[PDB]
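Next up, structure-v2.txt (compact mmCIF, C-alpha atoms and all ligand atoms):
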# COMPACT_ATOMS: atom_id res chain seq x y z
CA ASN A 701 109.47 -42.58 -60.47
CA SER A 702 106.11 -43.45 -62.04
CA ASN A 703 103.00 -42.96 -59.83
CA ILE A 704 101.33 -46.21 -60.97
CA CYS A 705 102.28 -49.93 -60.64
CA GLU A 706 104.10 -51.11 -63.75
CA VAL A 707 102.13 -54.43 -63.73
CA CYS A 708 98.47 -53.51 -62.88
CA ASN A 709 98.57 -49.79 -63.72
CA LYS A 710 96.89 -48.73 -60.44
CA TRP A 711 98.12 -46.42 -57.70
CA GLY A 712 98.45 -47.47 -54.12
CA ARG A 713 101.30 -48.52 -51.77
CA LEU A 714 104.12 -48.48 -54.37
CA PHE A 715 107.83 -49.42 -54.03
CA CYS A 716 110.07 -47.50 -56.37
CA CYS A 717 113.02 -48.87 -58.35
CA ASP A 718 116.35 -47.12 -57.53
CA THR A 719 117.83 -47.67 -60.98
CA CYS A 720 114.87 -47.00 -63.20
CA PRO A 721 111.63 -45.00 -62.87
CA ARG A 722 109.29 -47.99 -62.50
CA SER A 723 107.17 -48.65 -59.45
CA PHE A 724 105.39 -51.71 -58.04
CA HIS A 725 102.86 -52.97 -55.64
CA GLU A 726 104.56 -55.40 -53.26
CA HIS A 727 102.92 -58.57 -54.67
CA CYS A 728 102.71 -57.31 -58.28
CA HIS A 729 106.53 -57.45 -58.51
CA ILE A 730 107.94 -60.98 -58.89
CA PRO A 731 109.62 -61.92 -56.72
CA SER A 732 107.55 -59.89 -54.05
CA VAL A 733 109.36 -56.61 -53.31
CA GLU A 734 112.19 -57.45 -50.90
CA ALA A 735 111.81 -56.27 -47.20
CA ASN A 736 114.95 -54.18 -46.79
CA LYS A 737 117.59 -53.68 -49.58
CA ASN A 738 118.66 -50.06 -50.12
CA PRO A 739 119.18 -49.42 -52.95
CA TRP A 740 116.63 -51.79 -54.58
CA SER A 741 116.65 -52.72 -58.23
CA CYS A 742 113.42 -54.13 -59.93
CA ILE A 743 113.35 -57.30 -62.06
CA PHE A 744 113.56 -55.19 -65.27
CA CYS A 745 116.84 -53.75 -64.04
CA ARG A 746 118.17 -57.18 -62.90
CA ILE A 747 117.41 -58.66 -66.33
CA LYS A 748 119.12 -55.77 -68.16
CA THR A 749 122.21 -56.32 -65.95
CA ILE A 750 122.45 -60.02 -67.00
CA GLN A 751 122.37 -58.97 -70.62
CA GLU A 752 124.99 -56.23 -70.08
CA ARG A 753 127.40 -58.58 -68.26
CA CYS A 754 127.12 -61.18 -71.03
CA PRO A 755 126.28 -59.50 -74.36
CA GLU A 756 126.54 -62.86 -76.17
CA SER A 757 123.54 -64.01 -74.16
CA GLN A 758 121.47 -62.19 -76.77
CA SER A 759 122.62 -64.34 -79.67
CA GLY A 760 119.94 -66.75 -81.01
CA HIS A 761 119.17 -69.94 -79.18
CA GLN A 762 117.23 -73.09 -79.95
CA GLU A 763 114.06 -73.56 -77.83
CA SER A 764 114.98 -77.16 -77.16
CA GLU A 765 118.28 -76.15 -75.53
CA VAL A 766 116.58 -73.40 -73.47
CA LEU A 767 113.95 -75.76 -72.12
CA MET A 768 116.56 -78.21 -70.86
CA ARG A 769 118.41 -75.68 -68.80
CA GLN A 770 118.47 -76.22 -65.10
CA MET A 771 116.84 -73.56 -62.93
CA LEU A 772 120.00 -71.87 -61.72
CA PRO A 773 119.57 -68.28 -60.39
CA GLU A 774 119.68 -66.53 -63.78
CA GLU A 775 117.08 -68.91 -65.33
CA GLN A 776 114.87 -68.60 -62.18
CA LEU A 777 115.00 -64.86 -62.67
CA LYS A 778 114.18 -65.05 -66.36
CA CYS A 779 111.11 -67.25 -65.65
CA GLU A 780 109.98 -64.83 -62.92
CA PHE A 781 110.27 -61.97 -65.39
CA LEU A 782 108.39 -63.85 -68.14
CA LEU A 783 105.57 -64.63 -65.63
CA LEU A 784 105.48 -60.94 -64.72
CA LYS A 785 105.23 -59.88 -68.36
CA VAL A 786 102.05 -62.03 -68.59
CA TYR A 787 100.53 -60.41 -65.51
CA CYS A 788 101.29 -57.06 -67.13
CA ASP A 789 98.50 -57.70 -69.63
CA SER A 790 95.09 -56.98 -68.24
CA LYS A 791 93.66 -60.11 -69.88
CA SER A 792 95.74 -62.16 -67.40
CA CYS A 793 92.91 -61.73 -64.95
CA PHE A 794 91.08 -64.61 -66.57
CA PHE A 795 93.96 -67.00 -65.93
CA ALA A 796 95.19 -65.77 -62.52
CA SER A 797 93.11 -67.63 -60.01
CA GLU A 798 91.89 -71.21 -59.78
CA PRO A 799 89.35 -72.01 -62.50
CA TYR A 800 86.22 -74.18 -62.34
CA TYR A 801 84.48 -76.02 -65.13
CA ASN A 802 80.67 -76.47 -65.52
CA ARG A 803 79.60 -75.83 -69.11
CA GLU A 804 77.10 -77.90 -71.07
CA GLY A 805 78.90 -79.96 -73.68
CA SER A 806 82.38 -79.64 -72.18
CA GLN A 807 84.37 -81.45 -69.60
CA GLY A 808 87.10 -79.80 -67.45
CA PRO A 809 90.76 -80.42 -68.04
CA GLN A 810 92.54 -83.32 -66.42
CA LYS A 811 95.23 -81.01 -65.06
CA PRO A 812 93.97 -77.53 -64.23
CA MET A 813 96.54 -74.74 -64.13
CA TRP A 814 96.60 -71.05 -63.38
CA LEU A 815 99.02 -68.11 -63.03
CA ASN A 816 98.97 -67.88 -59.24
CA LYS A 817 99.78 -71.61 -59.03
CA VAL A 818 102.79 -71.06 -61.33
CA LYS A 819 103.78 -68.07 -59.20
CA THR A 820 103.70 -70.21 -56.00
CA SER A 821 105.60 -72.98 -57.74
CA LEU A 822 108.41 -70.57 -58.73
CA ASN A 823 108.53 -69.07 -55.24
CA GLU A 824 108.76 -72.59 -53.74
CA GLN A 825 111.62 -73.59 -56.20
CA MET A 826 109.47 -76.47 -57.53
CA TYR A 827 110.78 -76.32 -61.10
CA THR A 828 114.18 -77.92 -61.75
CA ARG A 829 114.33 -77.02 -65.50
CA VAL A 830 112.97 -74.16 -67.63
CA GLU A 831 110.84 -76.85 -69.34
CA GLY A 832 108.67 -77.33 -66.18
CA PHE A 833 107.76 -73.67 -65.99
CA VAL A 834 107.10 -73.38 -69.73
CA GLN A 835 104.97 -76.54 -69.85
CA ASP A 836 102.72 -75.27 -66.98
CA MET A 837 102.38 -71.86 -68.71
CA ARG A 838 101.40 -73.40 -72.01
CA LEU A 839 98.97 -75.78 -70.24
CA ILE A 840 97.00 -72.76 -68.97
CA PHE A 841 96.16 -71.69 -72.54
CA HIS A 842 95.75 -75.20 -73.96
CA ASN A 843 93.20 -76.10 -71.19
CA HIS A 844 91.28 -72.89 -72.03
CA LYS A 845 91.16 -73.60 -75.75
CA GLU A 846 89.98 -77.11 -75.25
CA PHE A 847 87.26 -76.32 -72.68
CA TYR A 848 85.73 -73.29 -74.51
CA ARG A 849 85.60 -75.09 -77.91
CA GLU A 850 83.80 -72.82 -80.37
CA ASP A 851 82.78 -70.17 -77.88
CA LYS A 852 84.39 -66.90 -78.89
CA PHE A 853 85.87 -66.68 -75.34
CA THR A 854 88.49 -69.16 -76.64
CA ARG A 855 90.17 -66.12 -78.11
CA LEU A 856 91.28 -64.81 -74.71
CA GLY A 857 93.54 -67.91 -74.48
CA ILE A 858 95.07 -67.22 -77.88
CA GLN A 859 95.68 -63.59 -76.95
CA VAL A 860 97.41 -64.19 -73.66
CA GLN A 861 99.39 -67.14 -75.10
CA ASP A 862 100.68 -64.77 -77.78
CA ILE A 863 101.94 -62.40 -75.05
CA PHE A 864 103.63 -65.32 -73.32
CA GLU A 865 105.27 -66.66 -76.47
CA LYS A 866 106.57 -63.22 -77.75
CA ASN A 867 108.03 -62.56 -74.30
CA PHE A 868 109.55 -66.08 -74.09
CA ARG A 869 111.32 -65.53 -77.41
CA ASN A 870 112.60 -62.11 -76.27
CA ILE A 871 113.75 -63.00 -72.74
CA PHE A 872 115.45 -66.27 -73.67
CA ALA A 873 116.80 -64.87 -77.00
CA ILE A 874 115.23 -67.52 -79.17
CA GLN A 875 116.64 -67.53 -82.70
CA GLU A 876 114.38 -65.63 -85.05
CA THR A 877 112.73 -67.63 -87.86
CA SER A 878 110.01 -67.15 -90.55
ZN ZN B 1 100.11 -53.54 -59.09
ZN ZN B 2 114.16 -50.87 -62.34
ZN ZN B 3 130.49 -62.69 -71.04
With the file now loaded, output its structure as structure tokens.
Ligand SMILES: [Zn+2]
Ligand SMILES: [Zn+2]
Ligand SMILES: [Zn+2]
Amino acid sequence: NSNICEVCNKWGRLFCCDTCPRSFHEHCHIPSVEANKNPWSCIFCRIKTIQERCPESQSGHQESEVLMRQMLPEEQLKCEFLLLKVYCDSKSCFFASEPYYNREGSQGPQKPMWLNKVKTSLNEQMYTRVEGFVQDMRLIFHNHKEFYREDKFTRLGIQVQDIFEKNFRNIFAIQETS
């Protein structure tokens, strides 16, 4: 197995996947690395299994149909994985914890949102459809773009949204278009 966390790229107290060489800090993995379970298979492995059991799941889908899906176990897992792929980018640090807003010429968003809040919401089974998770994720970046206006820091929102959207299209097998 790797000697660094797959998500934050640091060493430390690492839990190793039994079916692939990745490793994780306990609370870097999503869901948090399970107490017992021998063998243990990481979320990467669990997602690859879904695909392998239903190869047709990789055919193109319309975003509108994906969003309306209820959060059954496989969709819960897919949203957990997509959230983890965003934490995998170091620029996620800016969006992880609860933000505050005091900038001359701007007013804070009406509905603040952040990664750790989305993480808690998934853990608590608060989303009933894929749409709820996706709307909170996109709200993170939209709030950022609106608040930072012409400051060049707006770009961090565009960058991390791009990581979210590429991973959304991959994980939920969105039909490719120009
Ligand atoms: Zn880590
Ligand atoms: Zn694995
Ligand atoms: Zn099948």
Exercise. Restricting the calculation to all atoms listed in the file, which member of A:799, A:874, A:818, A:792 is positioned closest to residue 862 in chain A?
Worked result: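 Under the stated criterion, the closest residue is A:792.
Taking all atoms listed in the file into account, the residues that come within 7 Å of ligand ZN 2 (chain B) are residues 717, 718, 719, 720, 721, 722, 741, 742, 743, 744 and 745 of chain A.
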Exercise. If you count all atoms listed in the file, which residues end up within 7 Å of ligand ZN 1 (chain B), as a PyMOL selection string?
Worked result: chain A and resi 705-710+724-725+728
Exercise. Of the candidates A:861, A:776, A:702, A:802, which one gets nearest to residue 830 in chain A if we count only C-alpha atoms?
Worked result: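 Ranked by minimum distance to residue 830 in chain A, first place goes to A:776.
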For this session: For CA of residue 734 in chain A and CA of residue 823 in chain A, determine how far apart the two atoms are, in Å to one decimal place.
Result: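 Here the two named atoms are 12.9 Å from each other.
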Exercise. Residues within 7 Å of ligand ZN 3 (chain B) (all atoms listed in the file), as a PyMOL selection string?
Worked result: chain A and resi 753-756
For this session: May I have the residues within 10 Å of residue 858 in chain A as a list in words, using only C-alpha atoms and disregarding those fewer than 5 positions away in the same chain?
Result: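 The contact residues come out as residues 841, 842, 844, 845, 853, 863 and 864 of chain A.
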Pull C-alpha atoms from the residues just selected and write them as a PDB file, in the frame of the given file.
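selection.pdb written:
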ATOM      1  CA  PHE A 841      96.160 -71.690 -72.540  1.00  0.00           C
ATOM      2  CA  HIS A 842      95.750 -75.200 -73.960  1.00  0.00           C
ATOM      3  CA  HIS A 844      91.280 -72.890 -72.030  1.00  0.00           C
ATOM      4  CA  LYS A 845      91.160 -73.600 -75.750  1.00  0.00           C
ATOM      5  CA  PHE A 853      85.870 -66.680 -75.340  1.00  0.00           C
ATOM      6  CA  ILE A 863     101.940 -62.400 -75.050  1.00  0.00           C
ATOM      7  CA  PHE A 864     103.630 -65.320 -73.320  1.00  0.00           C
TER       8      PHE A 864
END
Exercise. In Å, with one decimal, what is the gap from CA of residue 821 in chain A to CA of residue 764 in chain A?
Worked result: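 Between CA of residue 821 in chain A and CA of residue 764 in chain A the gap is 22.0 Å.
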Shell of 7 Å around residue 731 in chain A, all atoms listed in the file, local chain residues under 2 positions omitted, as a PDB file with C-alpha atoms, in the frame of the given file:
ATOM      1  CA  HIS A 729     106.530 -57.450 -58.510  1.00  0.00           C
ATOM      2  CA  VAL A 733     109.360 -56.610 -53.310  1.00  0.00           C
ATOM      3  CA  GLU A 780     109.980 -64.830 -62.920  1.00  0.00           C
TER       4      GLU A 780
END
Exercise. Residues around (94.9, -82.6, -64.6), cut-off 12 Å, counting only C-alpha atoms - what are they as a PyMOL selection string?
Worked result: chain A and resi 807-814+836+839-840+842-843
